[PDB]
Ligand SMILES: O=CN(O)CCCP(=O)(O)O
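Here you get one chain, nothing else, as structure tokens; it is the form solved without the named molecule.
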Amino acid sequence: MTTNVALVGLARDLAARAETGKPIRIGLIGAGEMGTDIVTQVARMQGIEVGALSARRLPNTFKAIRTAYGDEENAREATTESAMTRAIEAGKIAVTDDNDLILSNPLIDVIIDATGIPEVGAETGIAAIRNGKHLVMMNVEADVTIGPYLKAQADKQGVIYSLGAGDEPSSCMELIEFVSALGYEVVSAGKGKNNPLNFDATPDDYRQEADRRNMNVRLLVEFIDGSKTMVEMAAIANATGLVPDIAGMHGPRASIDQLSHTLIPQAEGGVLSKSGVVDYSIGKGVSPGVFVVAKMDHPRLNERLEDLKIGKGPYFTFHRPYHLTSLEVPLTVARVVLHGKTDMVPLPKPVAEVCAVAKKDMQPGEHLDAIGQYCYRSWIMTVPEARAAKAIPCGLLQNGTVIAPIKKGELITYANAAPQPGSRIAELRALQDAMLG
């Protein structure tokens, strides 16, 4: 009709949900780019709606709705529960500047924080779970810091925790599930980037592109300096047991057609010390999307994949050549609510830690700024290596205090820096560490 095709699978399940007259209802925190994308995407779908939308400043909620629909007719201001419930019952998106109204409204099935602020994702995440709501996490920086604790609390409450679909970590998990259900060895998994990283990048280098693209300069810097890649790969590690092969990963030069001879063991001509890793490639054809390199262990299976022109064995590349970011998150919401399935959760025992390296020399008393700025960049390590070094989890570091001189390129540790101790995020991480100890 709009789609040109009969209803099948999840599309059919959503249509059946719509026919009940009670759609799945998202409580959406954050009316910026990702939130506006979600509102826009849900408007094309059946059986799923945004019940309520919050922003720090109320006008930005109306702006998001106007961008999605071309006018504000679907928006209705609500600053108490009775007003929010009435709005939703009237078929409106309740808009508010009070997150707690969304977190506690009885008609909201699932919470998504789209602010892009890890501390807010932590705060609203534990609130969602305490209110007995399912939680879909888009903030990967938060997830790699406190995900295991959120997941444990979600299980204590009988709700589902999941990373949202459409970002490299969760998209890669689709490939991992497929290869592993078939009983094949996962040799390496990850993402690519078209151009080399620049670990020295700062907002001075990108402020011009940011202005031109009307976007947050920090998103550019964390892209170029490797930080986002380190985070995303750690999320895959911590959901699978795959490990970085070396701190920071290898990040070799490899096009899509070269992965199966590069991100494999050194004994077989690759760069890896062992099989079972997260890594990434620099080169053409991989981004957007994600990959798994799998090994065949039976000569007949090798021959079938060679006859099918999948590669030359025993290593083969499985590529998902797209990820739609925000746009796929409603699919996670549907799977959670209709099927009781998560798309991606951390394991109970993390295997990797996102650590941080200084981008510049700093003296005691200076404050560390923020990811995507001037002072530091993320750096993946195994948990044992991070612990030996007393590395501070990168997610804790914004506005931290330097307590001993730090040189450009040096690891940020509990010997040379101190997080702001009063954050929900440092306080939740302490609880996670106690749970794990």
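Heads up: residue numbers just count along the shown sequence, starting at 1.
Once the C-alpha B-factors are averaged per stretch, 248-256 and 175-183 rank with 248-256 first.
In this entry, 55-63 has the higher mean Cα B-factor, the comparison being between 55-63 and 367-375.
Remark: of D113, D143, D167, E268, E268 shows the highest value [criterion: C-alpha B-factor in the PDB entry]. Highest C-alpha temperature factor among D297, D279, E328, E353, as the PDB entry reports it: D297. Ranked by Cα temperature factor within the chain, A426 sits in the highest third according to the deposited record. Ranked by C-alpha B-factor against the other modelled residues of its chain, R17 falls in the highest third. Residue-level temperature factors show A415 in the highest third of its chain, judged at the C-alpha atom.
Among all modelled residues in this chain, the alpha-carbon of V286 has a temperature factor (C-alpha) in the highest third.
Looking at the C-alpha B-factors along this chain, the one for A68 belongs to the highest third.
Heads up, the form solved in complex with the named molecule isn't pictured, but that's what we're talking about next.
Site check by superimposition: the named molecule, modelled from its position in the entry with it bound, clears the backbone and C-beta atoms of this form, with no atom inside 2.4 Å, and the site reads as open. Within 4.5 Å of some heavy atom of the named molecule in the entry with it bound lies at least one heavy atom of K228. Contact annotation for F318: none of its heavy atoms lies within 4.5 Å of the named molecule in the entry with it bound. In the entry with it bound, the named molecule sits within 4.5 Å of a heavy atom belonging to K191. Contact annotation: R218 falls outside 4.5 Å of the named molecule in the entry with it bound, judged by heavy atom distances. Scanning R335, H323, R76, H250 against the named molecule in the entry with it bound with a 4.5 Å heavy atom cut-off leaves one residue, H323. When the named molecule is considered in the entry with it bound, only one residue from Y206, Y149, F223, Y184 comes within 4.5 Å through any heavy atom, namely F223. Judged by heavy atoms within 4.5 Å of the named molecule in the entry with it bound, the contact stretch among the candidates 161-169, 67-75, 113-121, 237-245 is 161-169.
Along 139-161, not one residue places a heavy atom within 4.5 Å of the named molecule in the entry with it bound.
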